[PDB]
Amino acid sequence: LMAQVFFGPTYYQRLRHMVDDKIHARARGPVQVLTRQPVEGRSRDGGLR
DNA sequence: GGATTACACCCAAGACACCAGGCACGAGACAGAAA
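In terms of determination method and resolution, the entry is listed under cryo-EM at 3.1 Å.

This structure appears in the PDB under the title "RNA polymerase II elongation complex containing Spt4/5, Elf1, Spt6, Spn1 and Paf1C".

So this is what it looks like as C-alpha cells:
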C-alpha cells in the first residue's frame, strides 16, 4: 500500500443492539379490536406507523 | 381561564370488583320412644 497504516490493539466492547433483534416485517396479521388497525410491537407482529 | 409543548422504535414490570351477610335446599345424627 502506498500509504502506511496506523495499526495496534484497542479495547472494543460488544453492545446489546444486534440486528437480528431489530429486523421486522409484516404483510398481514393481528389488528386491534377497537380500531381494526395493525397492532403495535415487533414482538406482537405489529405494523409500522 | 384555557390550551399545548418533535418523530420513530425497543423492552420489561405491576395492576385489573371484592365481599359479607342474609336467604334457601338438602341432609343427617343423636336422641325419643315403643317394644
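K.L.:
Explanation requested: the overall build of chain A in the structure shown.
P.N.:
Regarding its fold elements, chain A presents zero helices and zero strands. Principal-axis analysis of the C-alpha atoms places the extent of chain A at approximately 65 × 25 × 15 Å. Out of the 49 residues in chain A, the part that is buried amounts to 4%. Nonlocal contacts in chain A, meaning residues at least 24 apart in sequence, comprise 3% of its contacts between residues at least 6 apart. Summed over all atoms, the accessible surface of chain A reaches about 5800 Å², with 55% contributed by carbon and sulfur.

K.L.:
What is the right way to read the protein's contact with DNA strand B from this model?
P.N.:
The environment of DNA strand B is formed by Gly41, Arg42, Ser43, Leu48 and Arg49. Contact distances for DNA strand B include 2.9 Å between a phosphate oxygen and a backbone N or O atom of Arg42. Contact between DNA strand B and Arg49: a phosphate oxygen at 2.8 Å from a side-chain N or O atom of the residue. Per-class residue counts for the surface near DNA strand B are one nonpolar, two polar and two charged.

Criteria and cut-off values
- Residues numbered from 1 in each chain as written, not as in the entry; some residues may be left out.
- Chains lettered and ligands numbered in written order.
- Part of a larger assembly, values for the part shown.
- Heavy atoms only, no water.
- Helix = DSSP H or I, 4+ residues; strand = E, 2+ residues; numbered from the N terminus.
- Buried < 20%, exposed > 50% of the residue type's maximum accessible area, 1.4 Å probe, protein only.
- Contact = heavy atoms within 4.5 Å.
- Areas by Shrake-Rupley, 256 points an atom, 1.4 Å probe, with all protein chains shown as cover.
- Near = heavy atom within 4 Å.
- Polar contact = N/O pair within 3.5 Å; in protein donor to acceptor, adjacent residues only side chain to side chain.
- Nonpolar A, V, L, I, M, F, W, Y, C, P; charged D, E, K, R; others polar.

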